[PDB]
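**Q** This is the structure, below, for whatever I ask next.
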2 protein chains.
Amino acid sequence: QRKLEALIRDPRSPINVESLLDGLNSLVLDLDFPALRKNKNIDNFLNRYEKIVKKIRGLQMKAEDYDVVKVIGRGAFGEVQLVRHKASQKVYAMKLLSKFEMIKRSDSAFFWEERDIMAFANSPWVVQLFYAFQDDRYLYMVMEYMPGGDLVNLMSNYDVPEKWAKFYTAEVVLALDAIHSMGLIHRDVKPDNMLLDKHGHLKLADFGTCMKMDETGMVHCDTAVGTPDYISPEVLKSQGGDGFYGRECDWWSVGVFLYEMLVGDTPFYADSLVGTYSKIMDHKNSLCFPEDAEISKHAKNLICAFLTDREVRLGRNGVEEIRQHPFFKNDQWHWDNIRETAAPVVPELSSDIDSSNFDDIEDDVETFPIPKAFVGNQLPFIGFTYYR
Amino acid sequence: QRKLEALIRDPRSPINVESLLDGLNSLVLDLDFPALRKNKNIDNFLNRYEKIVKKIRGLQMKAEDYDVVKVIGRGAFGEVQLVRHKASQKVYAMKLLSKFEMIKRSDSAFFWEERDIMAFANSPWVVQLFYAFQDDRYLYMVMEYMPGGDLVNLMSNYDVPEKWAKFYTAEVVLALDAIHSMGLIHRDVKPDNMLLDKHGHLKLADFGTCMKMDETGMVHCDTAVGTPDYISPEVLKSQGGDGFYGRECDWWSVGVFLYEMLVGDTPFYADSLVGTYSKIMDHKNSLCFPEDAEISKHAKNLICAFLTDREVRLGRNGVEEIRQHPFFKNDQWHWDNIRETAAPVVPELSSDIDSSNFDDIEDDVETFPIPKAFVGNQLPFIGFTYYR
Ligand SMILES: NCc1ccc(Oc2ccc3c(c2)B(O)OC3)c(F)c1
Ligand SMILES: NCc1ccc(Oc2ccc3c(c2)B(O)OC3)c(F)c1
């Protein structure tokens, strides 16, 4: 009778208070309908709790506590908004995820690992999450705002020297090492999910595709997860069932990354997905540099090191072999202190709501149909709420 | 964001932790069925919480923490058991209430007031409740054990003098005054629900029929609640709709009580319910003493005082008029100290599990059918769990 309390005090546990509240709240949201209320038990339940649940809901953190400055990103499950918290006037980034879409597109569990990583990493490479909350429509995540934009934007606005590539890649390595050391594989590494902070130092951003490893160091996965241009071949083949893979796959991607950075296009680019896949599987005979784009011998090697079968891939036998590859030899920074050194491009920013390093998003509302019997659409999202 | 915590810390509140747990637990109990688990959302929910809920359930207080010494009472919703708590070896009385029967007989909300009264009265006249807990089958209430039995038993085993009647009635008065002062009407006063403690002093026992009063001091009730022999006529007539009644009705019953005690039969006894009702409505011309049973002039008056219309009933204008009625004049005790004086009959008891003052109960299992859709049978019982 003494453990239990600590169970509920524990911020990491699924039956800590906020989750329990999520419970009453999601239960109520999922039972309060005229059709279901024809059931006495459901009716006489709601009469008891419908009131205090509303009150609770008010005391909670809510979307209206924040001003929305501007939408800095948008995708198929929601948006990311620049915001300012009213009472404190502090600026944040806030990710909205449509509960309606997640149910519809049957993809309603990809955020747990994102939650816990951002909540608990306590790492300079992992964008921090301060609060996680929700309402009948969305999930919200309040994050430290990374004002530097992403590496896509940098590469879109720069011909990148190696001196720089050596830096950013280095930082990607340490970042991926942190996640790996937490027992997780990133699975969707790419400049898109690499954000530069106020000083121009990377943090990994989107973790919707993360997965925990075995006591060994592997994942049994039967679905391909990732983004065509950067998917490694071990992960592509896993699709066809019985796939047993590990962290090596992220290093593949770190590979493509550096190619993209230096050469200027992706190393398996195509006019199609089939044309990207089929060519990634032929990585042996398909990877090739332009003569004109003269990348160095050391840089050339690091790429090919990553771009090969998993059994021979740089990183197969530790991160150490990666770190001490000679392409990372330089005067500017050591691996002890890279993130406290003067990054290649420091963001010019006017104010705490300067979002110039992000593109302008357009702006151009769909909710669940009323149920006739109990379907339980809010059940997937119980345990999501989190307070610093 | 600061109130809320205190809300949940508050033992009186419905969203205090135990209730929240009751929530997850009852949700799980009501969703874990093959039929419903064909619903993805319900399935993928249970997979997350089914495990820790079981663990929680183990850490909880449970029926197996108690030995069952013997069944000291049984009725249509359950039993009352003498018990001993294993770890502490302390004896208690424990009331079981069948969840299955309460759903079936559509009477699943009569225990809340019983819970709170016994939990929170902090009164010598109100049997104390130490813990309230539950499982898929029953509700359990762990109470201080009243080893003296009830006043039915005493009257069954004694020709009662007035000196005694003056005492017990007195104690009933103070007891009913306490409940009244808590904003509640008892509605089922009768010796059955009067238990003598170790020293032979009354406490009121069953509160399944209690009701809170208005800011005025009344109850709007359209159902007759009580037990034929002791129902007052105002409450009988309330049945026929539009009944507005108050605490006076308990004093009616305190009336019958004293009659039963002194004369030896109930003052509206019959071979039937119709014969009991119809005769209670004629209380004007129907109440009458036996000449042989010579009750005193003062005692005679107190009865008739209670046994009359509500508008003229002793107690209509306060408890004071009751207290200083001359039938209560005596040398033994004052109203300041009655309960610390030497009761009329002190229980002879051999051990802490002596239940000689209770009858032997026989002993001669019916649970819910598996649901096909969500019905919510555990919803009525969310918020019942309580720990000292
Ligand atoms: N897979 C593409 C992607 C990249 C980044 C995403 O999230 C963001 C976007 C922008 C910012 C942040 C987080 B953040 O913490 O500061 C600014 C995001 F939601 C999706
Ligand atoms: N309406 C009849 C009735 C009377 C008393 C009831 O409960 C009991 C019975 C016996 C005991 C207790 C409580 B208790 O706290 O000590 C002994 C009870 F459950 C029903």
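First residue shown is number 1, and so on along the chain.
Quick check of the header: X-ray crystallography, 2.8 Å.
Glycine too: its Cβ is placed from the backbone N, Cα and C atoms.
Reproduced below are the annotations present in Swiss-Prot:
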type     : residues                                                                                 : note
ACT_SITE : A:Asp188                                                                                 : active site, proton acceptor
BINDING  : A:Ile72, A:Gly73, A:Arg74, A:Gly75, A:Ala76, A:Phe77, A:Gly78, A:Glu79, A:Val80, A:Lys95 : ATP binding site
DOMAIN   : A:66-328                                                                                 : domain 'Protein kinase'
MOD_RES  : A:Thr385                                                                                 : phosphothreonine
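Any idea what these are sitting next to in the structure?
**A** For A:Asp188 (active site, proton acceptor), the Cβ neighbour count at a 10 Å cut-off comes to 20, with all displayed protein chains included.
Other Cβ atoms within 10 Å of the Cβ of A:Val80 (ATP binding site), summed over all protein chains shown, number 22.
Remark: A:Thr385 (phosphothreonine) has A:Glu18, A:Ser19, A:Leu21, A:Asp22, A:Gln60, A:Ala132, A:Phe133, A:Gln134 as non-local neighbours, by Cβ distance under 8 Å and separation of at least 6 in sequence.
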**Q** Let me know the whole-Å distance spanning the Cα atoms of A:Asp364 and A:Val365; 3 residues are not modelled in that stretch.
**A** 10
**Q** Find, for the listed binding-site residues A:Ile72, A:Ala76, the residue with the lowest Cβ contact count at a 10 Å cut-off, counting only other Cβ atoms.
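**A** Candidates: the binding-site residues A:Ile72, A:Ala76. Fewest Cβ atoms within 10 Å: A:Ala76.
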**Q** Three-state secondary structure of A:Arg74 (ATP binding site) from DSSP?
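**A** Going by the DSSP assignment, A:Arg74 (ATP binding site) falls within a strand, counted as strand.
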**Q** For the C-alpha pair, I'd like the distance in angstrom between A:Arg74 (ATP binding site) and A:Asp188 (active site, proton acceptor), rounded off.
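**A** With distance taken Cα to Cα, A:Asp188 (active site, proton acceptor) is 17 Å from A:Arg74 (ATP binding site).
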**Q** On a simple 10 Å Cβ count over all chains shown, which one of the binding-site residues A:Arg74, A:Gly78 is most densely packed?
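**A** That would be A:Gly78, with the highest Cβ count within 10 Å.
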**Q** Measuring Cα to Cα, how far is A:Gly78 (ATP binding site) from A:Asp188 (active site, proton acceptor) in Å?
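**A** That separation, Cα to Cα, works out to 18 Å.
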**Q** Just checking a number: largest C-alpha distance across A:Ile72, A:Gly73, A:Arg74, A:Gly75, A:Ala76, A:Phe77, A:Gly78, A:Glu79, A:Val80, A:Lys95 for the ATP site, rounded to a whole Å.
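**A** Value for the max Cα separation, rounded to a whole number: 15 Å.
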**Q** Could you check which of the recorded positions A:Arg74, A:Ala76, A:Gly78, A:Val80, A:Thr385 have their CB within less than 6 A of ligand 1?
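**A** Among the recorded positions listed, those whose Cβ sits under 6 Å from ligand 1 are A:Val80.
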